[PDB]
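If you read the first sequence in the entry's author numbering, its first letter stands for residue 211, the second for the next number, and so on.
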Amino acid sequence: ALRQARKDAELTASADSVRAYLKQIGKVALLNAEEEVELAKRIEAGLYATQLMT
DNA sequence: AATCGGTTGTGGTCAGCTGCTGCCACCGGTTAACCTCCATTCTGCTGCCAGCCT
Numbered sequence: 211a212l213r214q215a216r217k218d219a220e221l222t223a224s225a226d227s228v229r230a231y232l233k234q235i236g237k238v239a240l241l242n243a244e245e246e247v248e249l250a251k252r253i254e255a256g257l258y259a260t261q262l263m264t
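In structure tokens, the structure reads:
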């Protein structure tokens, strides 16, 4: 169906480098502000943790 | 008398650093409303699908 026609186009050659990169990066959802805040807090916590550990 | 080499009185001179004193290229870091996907011809190889065989 449209499912199989989606998947057969989903795995293809794509022998152009720009098109291959754009297809690759268009596979992750965007973020909102509280999610960005959560990620930044996780980054800072992990960075202080590895400094403290070494 | 000259003649092949020294001494040098003295006056520029001429560039070679030496500071030196700016000063001017050159390179790195920063900026915090918000807005997220570009002609023709010949030859050889590689993949397609029917068609007999166990």
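All C-beta atoms, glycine included, are put in the ideal place defined by N, C-alpha and C.
Check	Outcome
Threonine 264: first and last residue of the uninterrupted alpha helix (DSSP H) it sits in	Premise fails: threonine 264 is in no alpha helix (DSSP H) and is neither H nor E.
For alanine 219, three-class secondary structure by DSSP	helix
Short Cβ contact (8 Å threshold) for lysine 237 with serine 224	no
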